[PDB]
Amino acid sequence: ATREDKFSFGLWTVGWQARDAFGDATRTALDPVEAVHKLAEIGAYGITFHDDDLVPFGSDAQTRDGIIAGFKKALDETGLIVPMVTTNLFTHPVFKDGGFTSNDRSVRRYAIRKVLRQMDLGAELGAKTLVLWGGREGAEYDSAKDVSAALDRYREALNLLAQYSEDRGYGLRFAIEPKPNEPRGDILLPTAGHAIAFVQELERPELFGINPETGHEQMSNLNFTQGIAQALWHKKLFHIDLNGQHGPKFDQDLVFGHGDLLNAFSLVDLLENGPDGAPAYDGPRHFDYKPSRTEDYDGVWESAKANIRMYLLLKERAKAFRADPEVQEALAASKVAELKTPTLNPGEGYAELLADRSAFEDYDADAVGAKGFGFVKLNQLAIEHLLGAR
């Protein structure tokens, strides 16, 4: 693990005290400064936090100020950077119906102020990305929330934030994080797709992208790799949260690759074996996971390293997969690269196509319909590389 690997961890990840919906915390609170030292140590290049993770909701400026100074010291000494910050718009009871989209007008005004403030701190620490997780934006009942009005209000708030950042010269990028449910019955912008469509409607869309999370897409049983590929095609992959999940159930937040292992592999392959050797993605490889409730601080550090471990083992196998002449031969036989050739010849339009008898009148669909694509075999070669059997 090198700083060039860009592994980052949220302070709320290793810091999770393990108080779930059904029981009390099983671990004590982790000191930010300590987190900073431990992460530095296991090989992370950066740390992220929610305003309320570092400074307890409601601290006076004196306390608030003190905490920041100490945190700043720790980054200093260790060389860790803060690539991204986020705001907590979900924990306090006032946000029970959302921040930006709460039906109560006062709550919406307050939620914007809370974020502007976090934007200030972010800028001060050199953060380039503001992640927005609208965990409480949504509903349990259909008649309780006007989605249209809600989207108008989500948009109004975001447009203000971009206005401010651009005026203060912060140069932040905004990353909307999709989640289908939990804690609300249904959350607005439920998938990477919905989040991308929404961003295209903002005032300065170029400043906005998405921060998709492994488990979030898997909670709806979607293919995370395929969703990232789409995000990459759109050029809206501004950040990414890696973790593990076992399908449609509560959000598990397991270590990266401890859930759908086969998808974890295709994912590393997509991010790393980009066009011309180079990665297809350049930002932080952020782990937004939780050390299982059954573990102690020993278990905590273990799990932090397991994340890095899993990513580096998969990368290694994805590289070997692509480099294998037999895979290279199977890729050819399956015509994977033929999808890159335009369907139409150069300068060809409808008329030329309509005049080409070979594309219709004289085409033998039955004969082409019978040739196999060799996909099972290519798939089997991939898994054998994953398994270290090749």
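Each residue number is its position in the shown sequence, starting from 1.
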Higher avg CA temperature factor (361-369 vs 61-69, as deposited) belongs to 61-69
Avg C-alpha B-factor, entry values, 279-287 vs 257-265, higher side is 279-287
Listed options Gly244, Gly274, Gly247, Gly227: highest C-alpha B factor recorded at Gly274
The residue of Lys179, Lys128, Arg309, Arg317 with the maximal C-alpha B-factor according to the PDB record is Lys128
Of the three thirds of the chain ranked by Cα temperature factor, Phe9 occupies the middle
The third of the chain into which the C-alpha temperature factor of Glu140 falls is the lowest
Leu386: CA temperature factor from the record, placed by chain third, in the lowest
Entry-reported C-alpha B-factor of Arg184 relative to its chain, by third, is lowest
So, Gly98's CA B-factor, relative to its chain, sits in which third? The lowest
